[PDB]
Structures are given as C-alpha cells and as structure tokens.
C-alpha cells in the first residue's frame, strides 16, 4: 500500500507509553551500544518476559562462546534470510556483515547470491549446510555433517551452525509474517 509502513510491525501491539523502568533502561543501553533501538526489540517489548526470552537466545547464539566467529554467525544469518527473502533480517544482518568484515561487497554478495562469494571452503560449506537446512532440513544426512568435519568443524560447531540457522528460520518468519520493519539507519551504514 502507498502508505509509510507501520513500525515496528504492522500489528497493533503497544509497548506501551510509559515503558517499565527496566525496559526503558535496557533501551538506553541499546541506543548507546548500537546507535539505535532495533525494531525487533520494540516488537517484543510489549511483554518483558517475551523480550527476555528472545534476547537471551539471540545473545547466546550470536554473541556467546563459539568457535564460529561473530562474523561467521552473521554470514549464516544473511544466507538464511536471503533464501527466505526476509527484508528485516536482510537489512539488519546485512549491515552486520558489512560492519564486521569491513567489506560492503561481501554483505551484498550474501544478501543476493552467496555462491558468488570467493570464500574459503570452510565458510562455503558452512553456508551450504545452512542453505540445505533452510530449504530441506529433512534431507540432511550423516554425509552432510561429515562434509563440515572435513573442513575443520567439530560436533559442537555443527550444533552451533544448526542453532544459528534454525534461529533465523524462526526470526525470518516472525518478521515477514508481521511486516516487521528494519530501522531506517541500517541501510546507509558500513557502505
């Protein structure tokens, strides 16, 4: 429709006007850390229990210990999002890849067709697995897991790839189903 999209989603799900002090505080921290308050967080912020559960999982997967780099996990995110054609996540995580790699072209490549990127084999098979999980998880076999081991991932690493991949298969669906809008600031960042 030729009307400016509602933010943070197309759902009437108020936050609402005086935020609870703890959520207000949290958002001050994001603003400081991030330069913004990501709209996915405003989306969950109508209920702090929900926001807490969302963020606890996001942080663990994206920022917690793993032998997958932060960038690597962001790369997975974008490839999943590209396959699901998730606008929110392509914008948000696209930015993250441009930031963490210092390579705007890599972000564009992953957003558009990851197969064109001149990646080392380790990163490429990581993304191929995520892709196959995204399109046809029921068809993943032991040989697919061995491909990952053949390029240096151990079983904990495979678990991490699977969870990051599965997580964006969740968040893409939620974002797209609710018409979740990415913060306008992302688009011009790290270009």
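Residue numbers count along the first chain shown, from 1.
As recorded in the PDB entry, 136 to 144 is the stretch of 136 to 144 and 121 to 129 with the greater mean C-alpha temperature factor. The mean C-alpha temperature factor is higher for 41 to 49 when 41 to 49 and 158 to 166 are set side by side. Highest C-alpha temperature factor among 34, 56, 68, 63, as the PDB entry reports it: 34. For residue 13, the recorded CA B-factor ranks within the middle third of the chain. Only modelled residues enter the ranking.
Ranked within its chain, residue 111 lands in the middle third, by CA B factor from the PDB record. Compared with the other modelled residues of the chain, the Cα B-factor recorded for residue 83 ranks in the middle third.
Sort the modelled residues of the chain by CA B factor and residue 100 lands in the highest third.
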